[PDB]
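Student: what shape does this take:
(11 chains)
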Amino acid sequence: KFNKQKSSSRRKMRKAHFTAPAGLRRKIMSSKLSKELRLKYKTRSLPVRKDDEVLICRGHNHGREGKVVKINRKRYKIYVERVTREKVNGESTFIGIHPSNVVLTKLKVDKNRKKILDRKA
Amino acid sequence: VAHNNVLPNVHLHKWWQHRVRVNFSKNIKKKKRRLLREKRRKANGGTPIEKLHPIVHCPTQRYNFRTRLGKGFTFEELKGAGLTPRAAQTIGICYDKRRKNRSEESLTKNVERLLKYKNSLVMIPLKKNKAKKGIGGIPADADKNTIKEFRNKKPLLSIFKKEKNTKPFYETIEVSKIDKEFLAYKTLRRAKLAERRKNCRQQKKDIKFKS
Amino acid sequence: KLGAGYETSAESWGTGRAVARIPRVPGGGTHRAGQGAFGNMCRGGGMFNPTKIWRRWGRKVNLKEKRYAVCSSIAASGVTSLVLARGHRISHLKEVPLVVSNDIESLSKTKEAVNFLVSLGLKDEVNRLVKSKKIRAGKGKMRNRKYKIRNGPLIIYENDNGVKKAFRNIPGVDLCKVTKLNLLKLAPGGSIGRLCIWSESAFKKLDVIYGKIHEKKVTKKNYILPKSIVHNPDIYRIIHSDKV
Amino acid sequence: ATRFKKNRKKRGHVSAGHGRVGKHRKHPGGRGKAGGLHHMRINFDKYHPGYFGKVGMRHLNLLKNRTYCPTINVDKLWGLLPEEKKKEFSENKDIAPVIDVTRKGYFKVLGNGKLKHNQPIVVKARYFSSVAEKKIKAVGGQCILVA
RNA sequence: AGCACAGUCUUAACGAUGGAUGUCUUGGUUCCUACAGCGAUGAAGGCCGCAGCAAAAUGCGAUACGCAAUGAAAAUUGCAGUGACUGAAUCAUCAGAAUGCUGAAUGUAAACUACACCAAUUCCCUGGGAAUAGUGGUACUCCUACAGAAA
RNA sequence: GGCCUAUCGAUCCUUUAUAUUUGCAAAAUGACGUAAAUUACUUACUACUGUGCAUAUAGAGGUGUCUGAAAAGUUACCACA
RNA sequence: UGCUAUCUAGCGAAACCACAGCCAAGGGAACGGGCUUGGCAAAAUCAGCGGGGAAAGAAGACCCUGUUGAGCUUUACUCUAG
RNA sequence: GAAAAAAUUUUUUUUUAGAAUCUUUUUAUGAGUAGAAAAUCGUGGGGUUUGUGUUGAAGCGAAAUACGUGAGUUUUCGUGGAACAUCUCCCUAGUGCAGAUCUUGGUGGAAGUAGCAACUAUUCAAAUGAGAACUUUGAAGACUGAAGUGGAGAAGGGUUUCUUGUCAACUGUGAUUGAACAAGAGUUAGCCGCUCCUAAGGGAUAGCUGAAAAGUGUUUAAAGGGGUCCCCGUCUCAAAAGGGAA
RNA sequence: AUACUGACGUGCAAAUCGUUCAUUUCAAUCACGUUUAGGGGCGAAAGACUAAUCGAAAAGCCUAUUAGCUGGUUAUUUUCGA
RNA sequence: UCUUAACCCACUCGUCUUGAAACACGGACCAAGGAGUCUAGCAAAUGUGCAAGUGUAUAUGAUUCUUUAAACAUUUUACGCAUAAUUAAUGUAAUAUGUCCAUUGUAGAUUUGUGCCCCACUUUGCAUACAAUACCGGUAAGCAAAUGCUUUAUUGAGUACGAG
RNA sequence: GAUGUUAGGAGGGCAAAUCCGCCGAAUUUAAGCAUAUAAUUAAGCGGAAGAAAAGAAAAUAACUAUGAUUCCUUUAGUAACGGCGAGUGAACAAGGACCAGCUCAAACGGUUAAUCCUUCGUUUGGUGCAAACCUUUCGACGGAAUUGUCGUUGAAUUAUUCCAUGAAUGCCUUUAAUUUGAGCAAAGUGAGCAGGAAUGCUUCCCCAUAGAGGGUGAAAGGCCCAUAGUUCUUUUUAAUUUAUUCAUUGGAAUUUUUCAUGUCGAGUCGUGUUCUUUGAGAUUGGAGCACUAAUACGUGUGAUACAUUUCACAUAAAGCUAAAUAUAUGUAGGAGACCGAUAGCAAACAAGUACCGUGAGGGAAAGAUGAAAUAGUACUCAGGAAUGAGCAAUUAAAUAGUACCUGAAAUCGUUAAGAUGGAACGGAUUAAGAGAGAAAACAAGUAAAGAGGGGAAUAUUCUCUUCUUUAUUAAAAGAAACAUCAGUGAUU
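Tutor: Residues are numbered from 1 along each chain as shown, chains lettered A, B, ... in the order given. You can find the structure just below:
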């Protein structure tokens, strides 16, 4: 609002949204943390990582929990183990889920994650 | 041209379309000027950046009554003040080198204005805590308690602006102290008429003096 | 754009070969070639009159007129019937101008402000403001004019302690300093009779500003308020009268 | 502006108020003021008579401030004085008001109007009319030539 | 399992055809604010290259879609292929290193990979040993200094 | 002015007339006139003040395509509206 | 006589086109395919043809006009290189 | 400020106007190009007001016992799938089309027509393939007729070459063909050319002019070679047919 | 490139094709390279030619040149109306 | 509502032209785009604010800082235009001063009275029109010892209780 | 003056929106045209910068005078210039923005050039990881220059008062601004309904110093990034805080008193003349040429040629200088009462491209499936193949299948209905067909039993209500028709 440094246009925000560097991609691949965990870490939302365990809260796939398979940064879609779908030829792939639609249960711990948690708390 | 319409006086026959300019920067330019001077003053410790002019006469028949801010005090007024040119540069008074200080009344008024400023002025120590009597008719170095106390207060910068003049000028005079004698219209015409006779006489006076 | 609709060279091969006498684009294999070059009827032809910054966008709005508009709008804001006509939900309000104590000026939070509006009786007005968040249609959207909201209270304040920060970020509610009143805020869409909420500080300062106590810096320099042409607008009472 | 225009009244009308027979074309007598005396002589003679010719000597650099002339009539001379002050002068036979017209911005006092009879006033100015002078003497006032 | 008239024109219904209309919009547009020169220490421009599979604008320059370094920092992925559990895989920053041939272009040339001349040259090792026909310099004008000649 | 109804010409320009009327931009050019004064930049008082140029007013010098361009031919080589 | 035309199979345009498309006379912008009155007038076509469409084309090259030109010439005006 | 009807005085049913560019009433009037005025209606955007949205709006086609003298407005069904109004008031404008040999884009009638007419001619059989007048093989018939539809080379083009595939479009017929498309392959020099030399020529140095840009080119020079410090000297590019080792 | 004012004249072609005819040892023809550039060149003279361009080439600009002249100039009702 | 019928009537629209159904010109067709505008200065109109003033110019100022690129403010002889005309021009310049009443007529809006209200007299008498005087600047003429004068002529966009 | 591939250096060229120079037109206007006009504009050739140039009086005034430059408001559409026609046209003052001064040069200093530079070196500081920069005095050895560098700004002389100076010890404290990158950053992914799936609708919660913006399977303050708010770290520049002793050398300013009264830019000014230019007018500026000066009590100015004389003001012919001010190009932000794919930049895109031109040059057409193709047409059958169809199949949706959104009109196809003797359509008025409709275009109330809803009395008793349903009495409304009037005709 008050700052005149950054544009309030639709146009700049969209271009920034599409041309993202990796840290920005990581920011907009964050998900909301579980309620006791939010109290524990003092943190609303966290960037997704490989072995995280999420619960789906939106779409036809809502109420399903599960581990994250692969994250697709380019299409901004995470893949989870029990959201399979067969394709036109019957090949099974995982449904890609935008990270807005999932709440994170058990985050994966690692050295980088520890540093992030230390930074946050 | 047709009907009751006045003859035009426009000059748009030349290629004016690349010789035209429209001001859309005005209020922001004004803001920028304000910002620039404010920043400058603050950088100078908040000390005045204002320039104190001599009072000088506006010229010719039309404006001779009026008086305005002039270019600079110059040597005779500075000498009457007891201030050096170097001091005049050092302090906030305006500087010059070729404005003559003219008549007595104007000089006397401007030395009084200089004296008013000179009395007004307080000067911060040059090196801080190594106080001296110093040069140029500039004040001797201020003490630490006073200068700090003064720093907390507003500067008094009223004298920089032009002064006002007599508000009513409707004054009384008793009937028996005035007279009906005068012939002003006659006096004017005669004065212009007798100019030639005097000019000739004065030229002869000037020749005699020069001899 | 200055050169737009005119940069191309232009040519005329159609006169003596039965094609209309507007200029045509020269060249061969390009499919611009032989097409109508420019002129306001043409593809690529630009404006009939090119817009320029020469245009008289602004106006001189005169000092006495400006003052009169502010004073008269404030007087109009006064009138209870006009407030309701302007669409303010006036029903539970308890005075004709809405005047609150000095103690208003220190209020500190959006909730406290909402509580105060509810306490005044403007809950329904606050409901209309919340409702009035709607998308503005057409090309405005592409030019970042996304929502339109309606206009409720105008808060007139002297002291800067809380109200300024508190009534900031309240949808549809406006703030103004007593000296620096704004006709654009007092009468949106040129509509007389906006709901005005005053501090006692503000109300008293207003009286000083436009003449009272003769305060040298606060007063507007030798300003005199206008007087009505009609002394009393109750014409029907004149008609009713015995002499009449 | 655009929505009230004459073009909006005449929008589908061909020549559209400029003459179907005429078939409207720009400056058809020639440019600007140019047809004056030649083709527009009748207009210029009837509406701007003294336009053509050369009259008088020349003064190469005029310098208008040299000959500057701010006037007042005697009629408005008393008007430079406030009402209550004027009442005091009316009351008190023994005194007259001095008026510095130059300090109020004027150099010449002219003779239009009335001075109230039996009521002295002192008028200070650079220039006075013969009539103004006569009135000031007549009413028992004084005139002051002043620079 | 029969029965229709044809052709032409018109009407309604349903389609083809066509790309208008409507809806968008990482683009334009004008204004205001802000900083604002590169080059023989070889710029701009132009070629010629360079991707594992690679043609292109893009990107980079024989170390070539990046090298080093810093800050982020676990993936990458059309296929193949390359890593993690934090100087590796990925970005961004980018100061170090590197920057073919040209081009003012400057050894003589120029529809030329044509042609001079002077230095032969480089690396490794701790004051010596090995490699390579390779690499530089040498334009025109000016200036200061020096030189040996000419008052 | 011609017994009446005809016998004639803008602006700019030039030219000669005319004036107790004017100007040439800080000033002056009769005349140191008339008085006094006499150390001198003295002091009053005066309708009539150099050459040249500019005005102002009044005529005249001309525009006969006569309510006023300083303007010869030519195109079967021709072009355009 | 050849080659075409013709007919089939195949591929496959354009100029042109206010709406059109039988006459006669009349009046009319004074020579009508449509108008008024008369003659009349009955699908669909194939092959030709040149009476008409004041047929198609190119903003009358002719002529006249423009205070648009351009070219050229002279003892036209005004200059000017030499 | 009370009129009527229905019931069974009382119950029930309808109505009951006061907004000045306004309402009631009366009489007169009603042509129209060029032209002037007023009242309207619509489009883009803005403020304002109070609404409409995916229990499908706008948009679009077809309509409606619809309303308006009219422009239009309103609405239904069908399609459609996201944003739409303001007549409450008022500002603003790239604001209203049938036409301009209009601009731009698409499309017809003309029309399965004009046409595919230079250059004497093909036939039979077989093979391939889905399919053969015009592919391939053979047999015939013919023609070009050494100023050749034959060989070579220059300009110019530039992988068009060649093998191996091949048939969406192209190859103005057909097409399995192809100079189209796809994947590869391929041009080897001491001696052949260029490259070298000078010419007609061109560009400069030396000068000199010209504000410079340029115009000139040994022409008022302290300049590349041979010699035991001496004797000579404007340079440079310019021929793929002149000169020129093999 | 003389004639058939041949064929062709929405071409094979924005000048072709057929037949006829002129030229053929010199003021010959051909190539390549070269020179001379726009009010300029060059011309066995026709105002010829100077890249489908010429009584003044092509390119770009002054320029949206100018045009008393040609064409076009956009919803509705009502009123006065030449 | 659509649809044919049938009786009666019904000439290609636009266009320039006195005159087009034309043997006058443009138009094969459909869709989209497609032409009195903008700036400067001026005028009258009407609204609005103020009035012998008016505008606030450049600019300053602020407890003004998403929208604020506007809005708000301006510590008593700045300037534009209007408050005076005349005129080549030095220049000159508006009742005439015995009176704070304040030019002369004729119509003329408005008011008192008489004989609810139109009335019929009288009564008072703006705007405005038609005139008239005055008086000022120019110009004559007459005078002129310069405080230039003088009845009379003429002339200005004049002036005779300010309107911008 | 030559010569040097001697040793060290510099220039060249490019880019151009604004800037500075030159050189330098015409279309156009006058309704013609010649002077004037376009215009000291365009093009040409040069030079610069983040601004440039201009600038410290050979100035303006005639006042009670002002006093470097630039800019604005203004004077002013005025003085003035002009076939005095068309047309052109300043400056000074005033109000302001903003303001900054100076040095060569003569003159002065000779018991000594007190100067300058290169090369060689050498040390008192300070950063940085490292590269490396930054201060710092001291000596050489070369040169240069007296045909003039350096110092001095009249000359001494008095008193006053400051500044440079060097050493020791002391001391670098605290904040305030200012400005970067950085971070942290409020509440729900709660019912229920319909939905392909909410960010919808409800309904129960809330948070806001964040209800700006963007993304997120339909409109989100509470889904995410962001935002408001803050915590630091970064830039510099203010305040505050602290200095104390001991030491030489040097300079400067006033102030007395004497004494020195010197000085001030030449083929330049000026004048003539010519051509140009302007406001310049019997010549404003420039330029060519001719003639060619005076020295400070001079000579340059005071807008009409001149002579003769005043008076005021200035100090040419050498030089530099920040600021306000301008900026259509490059880059970076921020914008909008702008355009919405025939528009907007020629370019929403693999466009300054393709393509065309001998070349200089000229120069396009060209966006959108869906929420998700990590949902992009599997499978079967008939086909030589293309393709087609499917009981098969993704999707919420395939007359949604990548020439994919919506999909108008022209155009053309299928079916049905009508019409059809040299046009076609129309107007006015009926007709027959073919469609559509019940909203005025009939039926209030009453009784019976279903579905809902309300109000009162002190969570539920009383009571009021509307729709479906069975049938049961009204009635009104229009169209006809006749009669009756009143108005207006015609008839006998």
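Student: grab the most central residue of chain B for me.
Tutor: residue B:69 (1.5 Å; C-alpha atoms, centre = their mean).
Student: not counting sequence-adjacent ones, nearest residue to that residue?
Tutor: Excluding the flanking residues, the one nearest residue B:69 by C-beta to C-beta, 6 or more residues apart in numbering or on different chains is residue B:53, at 3.7 Å. In this view, the C-beta of every residue, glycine as well, is placed from N, C-alpha and C.
Student: thinking the one you found is in contact with residue B:94, fair?
Tutor: Yes: using C-beta atoms under 8 Å, residue B:53 makes contact with residue B:94 at a distance of 4.8 Å.
Student: contact partners of stretch A:39-56?
Tutor: Residues outside stretch A:39-56 that contact it (C-beta atoms under 8 Å, 6 or more residues apart in numbering or on different chains) are A:26-27, A:29-33, A:37-38, A:62-68, A:70-71, A:78, A:80, A:83, A:97, A:99, A:101-108, A:110, A:113, A:116-117, A:120-121.
Student: just the ones of these in strands?
Tutor: A:30-33, A:65-68, A:70-71, A:78, A:80, A:83, A:97, A:102-104 (DSSP state E).
Student: buried ones from the residues you listed, can you make that a ChimeraX selection?
Tutor: A single ChimeraX command selects the buried members of these (16 or more other C-beta atoms under 10 Å in any protein chain shown):
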select /A:31,32,33,66,67,68,71,78,80,83,97,102,103,104
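Student: ok, and which of the ones in strands among the contacts of stretch A:39-56 reach RNA strand I?
Tutor: Residues of those in contact with RNA strand I (C-beta under 7 Å from any atom of the strand): none.
Student: what strand or helix carries residue D:123?
Tutor: Assessed by DSSP states H and E, residue D:123 sits inside strand D:122-125.
Student: measure residue B:104 to residue B:60 for me?
Tutor: Separation of residue B:104 from residue B:60 (C-beta to C-beta, to the nearest Å): 21 Å.
Student: again, but for residue B:116
Tutor: 29 Å.
Student: residue of chain C nearest RNA strand E, please.
Tutor: residue C:1 (3.4 Å; C-beta to the nearest atom of the strand).
Student: state whether that residue is indeed within a strand.
Tutor: No: under DSSP: H, G, I helix; E, B strand; the rest coil, residue C:1 falls outside any strand and is assigned coil.
Student: what ranges does chain B have for its helices?
Tutor: Assigned by DSSP state H, chain B shows helices spanning B:26-43, B:60-63, B:74-81, B:85-90, B:104-120, B:144-151, B:184-193, B:195-210.
Student: in CSV, list the ones you listed along with distance to residue C:207 and mean neighbour count.
Tutor: Conversion of those to CSV gives the following (distance: least, C-beta to C-beta, whole Å; neighbours: other C-beta atoms under 10 Å in any protein chain shown):
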stretch, distance to residue C:207, mean neighbour count
helix B:26-43, 31, 10
helix B:60-63, 43, 13
helix B:74-81, 50, 19
helix B:85-90, 51, 16
helix B:104-120, 39, 16
helix B:144-151, 39, 11
helix B:184-193, 53, 13
helix B:195-210, 64, 9
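Student: for residue B:50, the count of nearby residues, please.
Tutor: 13 (other C-beta atoms under 10 Å in any protein chain shown).
Student: any idea how far RNA strand E is from the nearest residue to it once chain neighbours are set aside?
Tutor: Nearest in space to residue B:50, with sequence neighbours left out and distances taken as C-beta to C-beta, 6+ apart, is residue B:160 at 5.4 Å. Computed as C-beta to the nearest atom of the strand, to the nearest Å, the residue B:160 to RNA strand E distance reads 28 Å.
Student: ok, and residue C:129, which helix or strand is that part of?
Tutor: helix C:123-131.
Student: which parts of chain A sit against RNA strand G?
Tutor: Counting by C-beta under 7 Å from any atom of the strand, no residue of chain A is near RNA strand G.
Student: show me where chain A has its helices.
Tutor: A:10-19, A:22-27, A:35-41, A:111-120.
Student: in CSV, list those helices along with mean neighbour count.
Tutor: Formatted as CSV, the helices of chain A follow (neighbours: other C-beta atoms under 10 Å in any protein chain shown):
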stretch, mean neighbour count
helix A:10-19, 11
helix A:22-27, 12
helix A:35-41, 12
helix A:111-120, 12
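Student: ok, the residue of chain B found nearest RNA strand G - contacts?
Tutor: Residue of chain B nearest RNA strand G, by C-beta to the nearest atom of the strand: residue B:1 (16.9 Å). For residue B:1, the contact set (C-beta under 8 Å, 6+ apart) comprises B:7, B:8, D:32, D:33, D:35, D:36, D:40, D:43, D:44.
Student: tell me the contacts of residue D:131?
Tutor: D:74, D:110, D:111.
Student: isn't there a strand covering it?
Tutor: No: counting by three-state DSSP, one finds residue D:131 to be helix, located in no strand.
Student: out of the contacts of residue D:131, which one sits closest to chain C?
Tutor: Of all those, chain C sits closest to residue D:74, with 29.1 Å by C-beta to the nearest C-beta.
Student: got the residues of chain C near RNA strand F?
Tutor: C:15, C:16.
Student: contacts for the helix ranked longest in chain C, please.
Tutor: Using DSSP H to define each element, chain C has its longest helix at helix C:63-78. With contact meaning C-beta under 8 Å, 6+ apart, helix C:63-78 is reached by C:82-83, C:96-97, C:154, C:181, C:183, C:186-187, C:192-196, C:206, C:210, C:220, C:223, C:225-226.
Student: can you rerun that using 7 Å?
Tutor: The contact list for helix C:63-78, computed with C-beta atoms under 7 Å, 6 or more residues apart in numbering or on different chains, reads C:82, C:96-97, C:181, C:183, C:186-187, C:192-194, C:196, C:210, C:223, C:225-226.
Student: for RNA strand I, what's the nearest residue on chain D?
Tutor: For chain D, C-beta to the nearest atom of the strand, closest residue to RNA strand I: residue D:12, 3.1 Å.
Student: gap between that residue and RNA strand E?
Tutor: Distance from residue D:12 to RNA strand E, by C-beta to the nearest atom of the strand: 22 Å.
Student: need phi/psi at that residue.
Tutor: phi -110, psi 90 (degrees, to the nearest 10).
Student: can you check residue C:206 too?
Tutor: Dihedral angles (degrees, to the nearest 10) for residue C:206: phi -50, psi -50.
Student: skipping adjacent residues, who's closest to it in space?
Tutor: residue C:178 (6.0 Å).
Student: just give me the neighbour total for the one you found.
Tutor: For residue C:178, using other C-beta under 10 Å, the count is 20.
Student: for it, grab phi and psi.
Tutor: phi -50, psi -40.
Student: can you check residue C:165 too?
Tutor: With angles defined as degrees, to the nearest 10, residue C:165 sits at phi -80, psi -30.
Student: ok, stretch A:26-41 near RNA strand E or not?
Tutor: Yes: against RNA strand E, stretch A:26-41 shows contacts by C-beta under 7 Å from any atom of the strand at residue A:26.
Student: give me the nearest residue to residue 106, chain neighbours excluded.
Tutor: In the absence of a named chain, this looks at chain A. Closest to residue A:106 by C-beta to C-beta, 6+ apart is residue A:53, at 4.1 Å.
Student: was after chain C, sorry
Tutor: Using C-beta to C-beta, 6+ apart and skipping residues adjacent in sequence, the residue nearest residue C:106 is residue C:162, 4.3 Å away.
Student: what distance do you get for whichever residue of chain C sits closest to RNA strand F to residue B:157?
Tutor: Across chain C, no residue is closer to RNA strand F than residue C:15, which sits at 6.1 Å (C-beta to the nearest atom of the strand). Relative to residue B:157, residue C:15 is positioned 78 Å away (C-beta to C-beta).
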